[PDB]
Number of protein chains: 2
Amino acid sequence: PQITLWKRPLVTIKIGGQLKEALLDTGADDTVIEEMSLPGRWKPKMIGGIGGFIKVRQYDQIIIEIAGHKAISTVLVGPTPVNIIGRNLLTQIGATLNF
Amino acid sequence: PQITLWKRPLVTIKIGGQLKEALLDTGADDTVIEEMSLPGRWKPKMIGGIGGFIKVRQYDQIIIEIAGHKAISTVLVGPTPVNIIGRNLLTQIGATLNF
Ligand SMILES: CC(C)(C)NC(=O)[C@@H]1CN(Cc2cccnc2)CCN1C[C@@H](O)C[C@@H](Cc1ccccc1)C(=O)N[C@H]1c2ccccc2C[C@H]1O
Ligand SMILES: [Cl-]
């Protein structure tokens with residue numbers, strides 16, 4: 001699709017076998033999902049936003065589907081106020097910002 | 001142009017007559033610029049991101065140029081880590097997210 005930006009560019013994702021809504025975020029380097037149970041090994045990380053930092057669980061090689069695109073990438077899980085799809089996955093689905 | 005997302009989507013902006021670099025951010029509702037001297041009336045506001053909220057100066061009806069595209073909009077100024085161009089201005093220059 002070509003997504004206009006009058007509202008938040010939200011898409012449906014599947015992660016850990018669960019359907020969720022997430023924000024396509026060109027300003028985010030990484031993909032960060034709200035606190036959930038996810039199976040697998042992980043390692044701690046801290047990531048920085050506009051209001052400071054949060055601690056997350058970094059999961060490598062996680063299967064995730066984004067607006068029907070089947071992907072495999074690193075997914076961070078932590079106390080983000082919104083599910084965020086960042087550049088690591090925007091690149092996998094071939095997204096571009098056009099003007 | 002059409003900007004891929006292998007790298008941060010950084011562009012040159014002009015604000016207050018001064019050239020700066022900024023991030024085109026579809027995940028940002030608003031536009032927030034690092035602390036700078038900008039003429040004009042303003043009022044305080046809070047904006048929230050990962051990590052919490054920050055207090056900024058809200059300037060209404062500010063002229064700004066984004067990668068050669070002029071626009072007039074609300075611009076926030078405060079202790080943001082990076083200059084961010086949000087949806088309020090992305091929509092004004094006709095930007096879309098495509099995949
Ligand atoms: C990987 C991670 C997600 C942590 N990235 C960010 O938070 C980066 C941080 N940098 C900075 C950075 C910090 C440290 C290291 N490298 C980079 C600045 C830009 N953000 C990207 C933003 O797009 C993220 C969104 C998330 C969000 C959306 C809706 C509601 C809550 C949170 C964001 O912060 N948006 C907020 C926002 C932003 C600007 C203006 C107004 C508003 C309101 C709101 O839309
Ligand atoms: Cl859960």
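In what follows, chains are A, B, ... by sequence order, proteins preceding strands, each numbered from 1.
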Quiz item: Using non-hydrogen atoms only, which part of B:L23 is less than 4.5 Å away from chain A: side chain, backbone, both, or neither?
Solution: side chain

Quiz item: Is there a donor-acceptor pair under 3.5 Å between the side chain of B:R87 and the backbone N or O of A:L5?
Solution: yes

Practice problem: I would like to know whether A:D60 and A:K43 meet salt bridge (charged side-chain N to carboxylate O under 4.0 Å, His left out); could you show each step before the answer? | Solution: CA-CA 9 Å; A:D60 290 346; A:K43 68 171 104 66; 3.4 Å; yes

Quiz item: Which bit of B:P81 comes within less than 4.5 Å of chain A, counting heavy atoms only: side chain, backbone, both or neither?
Solution: side chain

Quiz item: Can any side-chain N or O of B:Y59 pair as donor or acceptor with the backbone N or O of B:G40 at less than 3.5 Å?
Solution: no

Quiz item: Which answer fits A:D29, side chain, backbone, both or neither, if we ask what part of it has an atom under 4.5 Å from a heavy atom of chain B?
Solution: side chain

Quiz item: Pick from B:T96, B:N88, B:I93: which one has the most heavy-atom pairs with chain A under 4.5 Å?
Solution: B:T96

Quiz item: Which bit of B:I84 comes within less than 4.5 Å of chain A, counting heavy atoms only: side chain, backbone, both or neither?
Solution: side chain

Exercise. For the residue pair A:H69 and B:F99, categorise the inter-ring angle as parallel (less than 30°), tilted (30 to 60°) or perpendicular (more than 60°).
Key: perpendicular

Quiz item: Salt bridge or not for A:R8 and A:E21, using N-O below 4.0 Å?
Solution: no

